[PDB]
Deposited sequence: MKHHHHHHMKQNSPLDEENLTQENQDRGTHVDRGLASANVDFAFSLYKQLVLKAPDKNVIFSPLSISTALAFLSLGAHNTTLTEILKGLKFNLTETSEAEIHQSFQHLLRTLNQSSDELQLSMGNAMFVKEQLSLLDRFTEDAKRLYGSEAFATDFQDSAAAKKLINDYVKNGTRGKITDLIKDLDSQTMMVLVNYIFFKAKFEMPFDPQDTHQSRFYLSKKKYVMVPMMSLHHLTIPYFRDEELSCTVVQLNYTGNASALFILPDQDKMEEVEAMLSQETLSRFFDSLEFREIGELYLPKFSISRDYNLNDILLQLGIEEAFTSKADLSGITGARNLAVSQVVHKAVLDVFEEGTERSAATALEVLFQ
């Protein structure tokens, strides 16, 4: 079960990554694969037939290796681990459904949604579009502690439901950078194109390290957790080559080959990046198609085939600074009547 979930998880994340890159290969990318898959798995609690199997297969699950109940139990357990507080990290993760006030939901669905995904149901007047957008955007703003502010830009006044996930991940560096040692330095977009950025620096530090000569890249860890950050640094003009090798096989080789090593100097930029996306094109390419058409079967939500997905949107933010890092993301799945 676990190795089956792991294979699905990595395959979904890297498949999504490459599709995001394909739309604009030179842009910064920041996203949360788990936020997106959690929203879709939550949706699948109410799906049936081809609509259900397409969602679960689009998340790269094999339903003969891992049952539906085993998939939802994995999400439930994970969601619980992503709500933690300590002097080294703050983690939050939440799900919600915003539902047209009069709309009847099956008890099985609202029971499953609360138990497995932690989701409440918020009665919402979508016909007052500005107020409904503020309600949802405020929920995400609260959950991401101000970092994701405008997840919903446009919202159909005839919306029936919006399923929302957010994730917040703030982590202190075990060895913080001293801001006195941050100085403007070149960042090479390519061998011949470069800008000046504030570059943090540390001397004489012992971190997990792997020089991968076959892939022309260096892999390190900054930071002790149950989910530590891996940094992958391709040699100049080898990013495309490294991206082409991303796989479960390559990731496990990276992790298995890390060794503690004394590093003379480490330079890392101080920066923030943000991206937002509409994921309809990509989810259709992953084979999640019936959920978007009038053949959609979401009758596990309401007792009738009277709902279909209209829009899936995602926004994510990454902040890197001397004391540590902050990451946040949110996903909204918008649903119309049929």
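Missing C-alpha stretches, by deposited numbering?
Deposited residues absent from the model fall in 1 to 30, 254.
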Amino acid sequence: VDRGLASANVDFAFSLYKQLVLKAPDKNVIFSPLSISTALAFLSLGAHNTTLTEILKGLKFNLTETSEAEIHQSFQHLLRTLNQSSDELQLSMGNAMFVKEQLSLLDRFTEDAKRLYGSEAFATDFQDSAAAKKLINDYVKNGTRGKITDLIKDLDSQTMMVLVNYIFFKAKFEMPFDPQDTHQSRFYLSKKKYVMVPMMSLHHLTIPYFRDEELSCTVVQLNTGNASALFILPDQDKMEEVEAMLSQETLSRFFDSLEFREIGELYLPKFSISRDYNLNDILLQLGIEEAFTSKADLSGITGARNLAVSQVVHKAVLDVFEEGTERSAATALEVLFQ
From here on, numbers count along this sequence of modelled residues.
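Mean Cα B factor from the PDB record: higher for 256 to 264, or higher for 171 to 179?
Mean C-alpha B-factor is greater for 256 to 264.
Could you check the entry and say whether 310 to 318 or 5 to 13 has the higher mean CA B-factor?
Going by the record's values, the stretch with the higher mean is 5 to 13.
So among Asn226, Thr144, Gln184, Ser104, who wins on Cα B-factor in the entry?
Checking the PDB record, the top C-alpha B-factor among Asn226, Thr144, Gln184, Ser104 is at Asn226.
Per the entry's Cα B factor values, which of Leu189, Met97, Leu135, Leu205 stands out as the maximum?
Of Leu189, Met97, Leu135, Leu205, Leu205 has the highest C-alpha B-factor.
Would the CA B-factor of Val29 place it in the lowest, middle or highest third of its chain?
It belongs to the lowest third of the chain when residues are ordered by C-alpha B-factor.
Where does the C-alpha B-factor of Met200 rank in its chain, lowest, middle or highest third?
Lowest third.
For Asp276, return the chain-relative third of its C-alpha B-factor as stated in the PDB record: lowest, middle or highest.
For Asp276, the deposited C-alpha B-factor lands in the lowest third.
Using the B-factors in the PDB entry, rank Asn62's C-alpha atom against the chain and give the third, lowest, middle or highest.
According to the entry, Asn62 has a C-alpha B-factor in the chain's highest third.
Lowest, middle or highest third of the chain for the C-alpha temperature factor of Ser86?
Highest third, going by the recorded CA B-factors of the chain.
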